[PDB]
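Numbers for residues simply follow the sequence, beginning at 1. In what follows, every heavy atom counts, from backbone to side chain, and hydrogens, waters and symmetry copies are set aside.
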Amino acid sequence: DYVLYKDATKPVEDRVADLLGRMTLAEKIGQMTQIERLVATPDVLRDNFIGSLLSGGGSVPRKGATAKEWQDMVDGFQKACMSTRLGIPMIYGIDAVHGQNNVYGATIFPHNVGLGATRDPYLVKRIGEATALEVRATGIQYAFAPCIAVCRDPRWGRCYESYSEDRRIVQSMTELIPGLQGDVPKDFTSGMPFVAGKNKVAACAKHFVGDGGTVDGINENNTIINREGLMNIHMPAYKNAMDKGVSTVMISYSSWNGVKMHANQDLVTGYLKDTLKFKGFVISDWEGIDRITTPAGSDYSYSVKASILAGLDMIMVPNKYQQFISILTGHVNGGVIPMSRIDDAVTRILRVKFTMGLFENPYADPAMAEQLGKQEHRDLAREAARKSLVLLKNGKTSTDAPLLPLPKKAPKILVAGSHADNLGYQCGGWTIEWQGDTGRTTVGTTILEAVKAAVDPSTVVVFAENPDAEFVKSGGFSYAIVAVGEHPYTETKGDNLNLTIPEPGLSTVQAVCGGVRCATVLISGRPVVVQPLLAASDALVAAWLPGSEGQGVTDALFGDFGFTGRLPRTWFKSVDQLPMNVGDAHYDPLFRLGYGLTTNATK
Ligand SMILES: *[C@@H]1O[C@H](CO)[C@@H](O[C@@H]2O[C@H](CO)[C@@H](O[C@@H]3O[C@H](CO[C@H]4O[C@H](CO)[C@@H](O)[C@H](O)[C@@H]4O[C@@H]4O[C@H](CO)[C@@H](O)[C@H](O)[C@H]4NC(C)=O)[C@@H](O)[C@H](O)[C@@H]3O)[C@H](O)[C@H]2NC(C)=O)[C@H](O[C@@H]2O[C@@H](C)[C@@H](O)[C@@H](O)[C@@H]2O)[C@H]1NC(C)=O
Ligand SMILES: OC[C@H]1O[C@@H](S[C@H]2[C@H](O)[C@@H](O)[C@H](O)O[C@@H]2CO)[C@H](O)[C@@H](O)[C@@H]1O
Ligand SMILES: *[C@@H]1O[C@H](CO)[C@@H](O)[C@H](O)[C@H]1NC(C)=O
């Protein structure tokens with residue numbers, strides 16, 4: 001007879017209700033399971049009724065795989081899922097945190113800390129629209145972004161994934177959501193999940209909650225603060241996400257006053273679902289429930305019981321799916337976990353799938369392949385990189401002539417430094433590989449290539465990665481551009497207590513600037529000990545992690561556009577002042593939040 005749930009013309013809540021009622025326990029638990037592509041097989045997806053798949057950082061079909069190879073891989077998996085009794089399509093997720101970053105040839109936008117320096121929410125909304133098209137170009141429909149953490153201590157390895165230490169800026173940057181998912185209707189009800197169509201993707205606000213406020217910036221550790229402080233610093237952005245229809249929310253590994261977020265029913269069910277009225281589904285982090293205990297994974301049975309009762313809806317296992325499914329089934333059969341909780345989770349997961357049109361368009365669009373790395377997107381990234389640059393110093397003394405903007409025509413100039421010709425360093429973490437990489441890992445323009453593309457044909461450009469002092473003095477250069485900074489890092493490997501750039505870095509700046517007027521470009525994911533660098537150079541620019549379009553840096557260096565960026569974080573004098581944020585009593589910074597010198601166009 002007539003099957004309601006398959007009727008595309010019926011309202012979403014009806015299709016969900018009709019489908020839920022036909023499902024067996026095995027099929028329901030299947031929808032709550034997300035596994036890595038590395039352990040997926042057509043048989044596994046079919047026999048276990050899997051509901052979702054993902055690619056962790058660096059998990060790709062092949063190195064250098066084209067957009068069509070990605071589409072074929074995703075469709076292959078979807079084929080299996082659609083061949084099940086009920087034909088429920090799977091949803092594929094990936095970390096597209098600054099462009100479709102796991103993919104070769106995808107446009108790489110500046111990381112969030114830099115985007116905060118632009119104070120331009122409209123720009124970020126456009127990046128969201130471009131990112132969605134590039135994710136859809138590879139057949140993927142779900143992005144694990146944006147991270148709306150409020151980094152309160154730069155020693156944290158993920159501070160660069162945070163827009164600012166000021167929650168007001170983070171709130172305005174939630175405009176990324178409507179860019180990724182599409183604008184919500186006028187009749188929209190805060191808390192409902194929303195996705196416009198096949199050229200948009202479901203978004204994910206992470207990590208709930210207080211992930212950027214851990215002690216000493218230790219990744220995944222404990223956030224010690226009172227409820228009121230939690231509610232006015234770390235929670236605000238989540239309410240904004242609700243008003244914009246964010247489809248899902250990911251739970252943090254961190255704990256609040258000793259309680260693991262992955263087991264906190266007060267905040268997950270009590271606040272997020274019952275108070276904020278969130279109607280999308282809640283997903284865990286990678287092996288998030290395993291780390292509820294210590295050691296991790298030492299009592300998986302308890303992990304499943306605690307997280308599911310706490311209120312999670314989908315579990316990013318992501319490898320040992322047999323144990324997860326077996327243990328969860330046991331708890332239900334034993335009455336330890338009520339069927340209503342299961343039904344609630346599956347209802348939320350299906351609501352999102354039906355709303356985004358998954359049942360009507362389960363496969364990839366071969367025509368979208370041309371969207372990967374298109375010039376219009378690169379021009380946008382270029383504009384973003386340029387607006388994210390913060391000019392900290394322009395002339396050694398107040399009576400010195402301004403070094404920037406530099407003239408495009410000069411007899412001979414010098415480009416030096418470890419970061420002057422290294423695309424990987426320029427992109428930082430979450431680029432191609434999980435931790436990022438060194439060298440030419442994808443398609444883009446380095447700072448050296450940008451300079452050569454900008455100067456007058458009569459200008460002689462000489463490159464030297466680490467020149468000694470007399471090479472510089474006898475070279476007869478008009479000026480030099482030196483680029484140095486941090487190396488790529490992600491998550492815990494990013495936790496740093498000293499916050500000083502690696503060598504050679506300071507020595508290169510000293511050797512070069514000692515011989516000729518120099519403009520120093522600092523590449524980093526956060527503020528670092530800068531005094532020495534500041535003392536040696538005539539001009540210093542904070543470029544953060546600009547991404548693949550290096551011409552964004554030179555557009556401002558040679559005067560095509562003026563500097564407009566402003567500090568999104570507080571720049572400390574020394575690490576023992578930390579934590580130190582705008583508002584504190586001991587607030588004595590080297591540069592205050594909002595600081596930034598400017599210039600006007602034309603060299
Ligand atoms: C301030 O704190 C930080 C963090 O704690 C500390 O840096 C970390 O130091 C670790 C040492 O315990 C180091 O672990 C070793 O890493 C070796 C390989 O490291 C290279 O490859 C990784 C990627 O796998 C990069 O992240 C590293 O930056 C490094 O990269 C190479 O570095 C060299 C030297 O600068 C450079 O010439 C190469 O071009 C570059 N190539 C690449 C791949 O980019 C392993 O072999 C070894 O087994 C350890 O695991 C951490 O990697 C490092 N963390 C990062 C991300 O930097 C820092 O320590 C200072 O810097 C390091 C590099 C070293 O010179 C120390 O002697 C020095 O003290 C510390 N600084 C201060 C002020 O103490
Ligand atoms: O990628 C999904 C999810 O990941 C966790 S970190 C995760 C890496 O993806 C994986 O490549 C490596 O082997 O393990 C780590 C375990 O910590 C991240 O917190 C989250 O933001 C992301 O969406
Ligand atoms: C926090 O990090 C410290 C560092 O060793 C560790 O001993 C402690 O168990 C961690 N606690 C939390 C909240 O994860």
Side-chain angles (χ1 to χ4, degrees), residues 66-68 70-71 92-148 161 163 172-184 194-205 244-247 356 364-388 423 426-428 430-432 442-445 544-552 555:
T66 65
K68 293 226 180 61
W70 278 89
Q71 292 200 358
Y92 199 109
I94 197 167
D95 291 279
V97 297
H98 64 149
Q100 172 64 309
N101 58 77
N102 271 129
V103 182
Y104 180 79
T107 302
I108 303 295
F109 298 89
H111 272 298
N112 295 340
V113 64
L115 292 181
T118 73
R119 301 288 199 291
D120 188 333
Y122 182 60
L123 170 66
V124 176
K125 176 170 185 181
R126 291 187 284 150
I127 289 174
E129 318 193 332
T131 291
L133 296 181
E134 291 207 32
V135 168
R136 279 292 188 166
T138 61
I140 297 174
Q141 328 94 333
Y142 180 25
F144 295 140
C147 165
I148 54 177
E161 298 198 66
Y163 297 100
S172 71
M173 295 302 156
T174 57
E175 269 305 83
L176 182 81
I177 297 171
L180 287 165
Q181 305 184 318
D183 292 303
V184 299
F194 179 85
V195 174
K198 59 184 189 171
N199 39 63
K200 292 300 180 175
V201 301
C204 173
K244 301 172 190 292
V246 72
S247 291
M356 62 178 75
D365 188 327
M368 291 284 267
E370 285 277 298
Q371 300 298 305
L372 188 72
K374 58 188 292 198
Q375 197 53 44
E376 291 84 344
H377 297 353
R378 291 184 189 279
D379 295 332
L380 173 60
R382 179 170 177 177
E383 182 186 323
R386 182 250 304 176
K387 293 177 169 182
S388 77
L423 194 63
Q426 185 177 307
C427 292
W430 287 113
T431 309
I432 302 305
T442 185
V443 174
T445 308
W544 315 103
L545 304 172
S548 63
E549 306 317 306
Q551 298 176 76
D555 281 340

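Put simply, the side chain of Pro178 does not reach to within 4.5 Å of the side chain of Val184, judged on heavy atoms. By the 4.5 Å heavy-atom criterion applied to side chains, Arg378 and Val443 are counted as neighbours. Taking 4.5 Å as the limit, some side-chain heavy atom of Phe109 sits within range of a side-chain heavy atom of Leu380. Counting heavy atoms from C-beta outward, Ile140 and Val201 have side chains that stay 4.5 Å or more apart. Residues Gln181 and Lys244 have side chains not in contact (no heavy-atom distance under 4.5 Å, counting atoms from C-beta outward). Side-chain contact between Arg136 and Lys200 is absent, with no heavy atoms from C-beta onward closer than 4.5 Å. Using a 4.5 Å cut-off on side-chain heavy atoms (C-beta onward), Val195 and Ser247 make contact. At a threshold of 4.5 Å between non-hydrogen side-chain atoms, the residues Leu545 and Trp430 do not count as touching.
Shown here are the side-chain hydrogen bond (donor to acceptor under 3.5 Å, both in side chains) partners of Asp95, two or more places apart in sequence or in another chain: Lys206. Under the side-chain hydrogen bond (donor to acceptor under 3.5 Å, both in side chains) criterion, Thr174 pairs with no residue, sequence neighbours left out. Evaluation of the side-chain hydrogen bond (donor to acceptor under 3.5 Å, both in side chains) rule for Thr107 yields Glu134 as partners, not counting sequence neighbours. Not counting sequence neighbours, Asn199 has no partner by the side-chain hydrogen bond (donor to acceptor under 3.5 Å, both in side chains) test.
Every pair passing ring-ring contact (aromatic ring centres under 6.0 Å, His included) that includes a residue from residues 111-139 is listed here, sequence neighbours excluded: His98-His111, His111-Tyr160. Contacts classified as ring-ring contact (aromatic ring centres under 6.0 Å, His included) and involving residues 127-147 (residues at least two apart or in different chains) are given here: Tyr142-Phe144.
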For this session: List the steps, then state whether side chain to side chain contact (heavy atoms under 4.5 Å, CB included) holds for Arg126 with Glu383.
Result: CA-CA 11 Å; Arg126 291 187 284 150; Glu383 182 186 323; 2.8 Å; yes

For this session: Run the numbers on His377 and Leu133 for side chain to side chain contact (heavy atoms under 4.5 Å, CB included), then give the verdict.
Result: CA-CA 10 Å; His377 297 353; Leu133 296 181; 4.1 Å; yes

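Heavy-atom minimum distance, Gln71 versus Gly139: CG-N, 3.9 Å. In this structure, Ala67 and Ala369 approach most closely via the heavy-atom pair CB-O, 4.0 Å. Smallest separation of non-hydrogen atoms from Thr442 and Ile432: CB-CD1, 4.0 Å.
Here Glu370 does not pair with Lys374 in a salt bridge; the nearest charged N to carboxylate O distance is not below 4.0 Å.
Here the CZ atom belonging to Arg382 is positioned 8.5 Å from the CD atom belonging to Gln375, to the nearest 0.5 angstrom.
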